[PDB]
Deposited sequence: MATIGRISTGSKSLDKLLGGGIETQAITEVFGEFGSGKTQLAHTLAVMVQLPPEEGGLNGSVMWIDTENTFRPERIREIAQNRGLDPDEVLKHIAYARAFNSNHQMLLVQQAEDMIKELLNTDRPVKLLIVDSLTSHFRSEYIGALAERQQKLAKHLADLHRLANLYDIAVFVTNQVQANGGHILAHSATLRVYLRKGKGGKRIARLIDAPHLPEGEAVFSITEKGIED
């Protein structure tokens, strides 16, 4: 398949990304608590449902939530301010809460079944969100870094396999602050560092210029 791109909602961030986040790729956004990673996830879950002329892929979404941070009412707001019907947008987001890191890993295998079911339809899965990818692994494997890295490596390999095999954009969030961070090392296809700037602006930079955007009723925008 050709590489599809999903607009983030911000022209600035899209330019930094070469058009948007890519299918057949894992995009990892990392930054401190409150930097806007989950807002970007919510915005992408709407944008992907637009037609390509508007920066989407007419796609369905699957969302694995590890921190109870998915907000359907926020999806509704972004959808209504992106000219989409909010009910239709929510009907095309499959949502699961991961109870722990092992359940999170099983959910990726379960996601493959729905991906296959929708593959030949007019609304194939085009976006798989894992928010937060690392939170359960970090809490469960305190003092056991080597084992944590083994499990994360398999989890990321599973996500890679889905991105490439089914032409999906995988978007994962990772909280990194004071003294923290192996990030995801070199595993993601693309690492985006997100941070707060003056006056509530958000700033993004590729790791391995800078885009600037705001959180608004449209999700994010310039």
Non-modelled portions of the deposited polymer sequence, in sequence order: 1, 210-215
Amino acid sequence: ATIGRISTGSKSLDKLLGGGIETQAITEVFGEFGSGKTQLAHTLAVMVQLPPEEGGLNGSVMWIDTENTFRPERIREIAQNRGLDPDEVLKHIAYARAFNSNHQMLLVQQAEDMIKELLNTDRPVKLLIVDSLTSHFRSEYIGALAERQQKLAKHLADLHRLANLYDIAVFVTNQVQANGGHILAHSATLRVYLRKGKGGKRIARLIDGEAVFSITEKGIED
From here on, numbers count along this sequence of modelled residues.
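Take the two forms, find the largest set of C-alpha atoms that superpose within 1.5 Å, and that set is the rigid core.
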Between 168-176 and 181-189, the one whose CA atoms sit farther away in 8 other deposited structures of this protein (rigid core aligned): 181-189
Mean Cα B-factor comparison, 210-218 or 197-205, giving the higher one as deposited: 197-205
Residue range whose averaged C-alpha B-factor is higher in the record, 91-99 or 147-155: 147-155
Out of 167, 28, 54, 65, highest CA B-factor residue: 54
Highest-ranked of 42, 160, 182, 191 once sorted by CA temperature factor in the record: 182
CA B-factor ranking of residue 114, expressed as a third of its chain: highest
Third of the chain, ranked by Cα B-factor, where residue 142 sits: highest
CA B-factor placement of residue 132, once the chain's modelled residues are sorted into thirds: highest
Ranked C-alpha temperature factor of residue 35 among modelled chain residues, by third: highest
Assigned third (lowest, middle, highest) for the C-alpha B factor of residue 177: highest
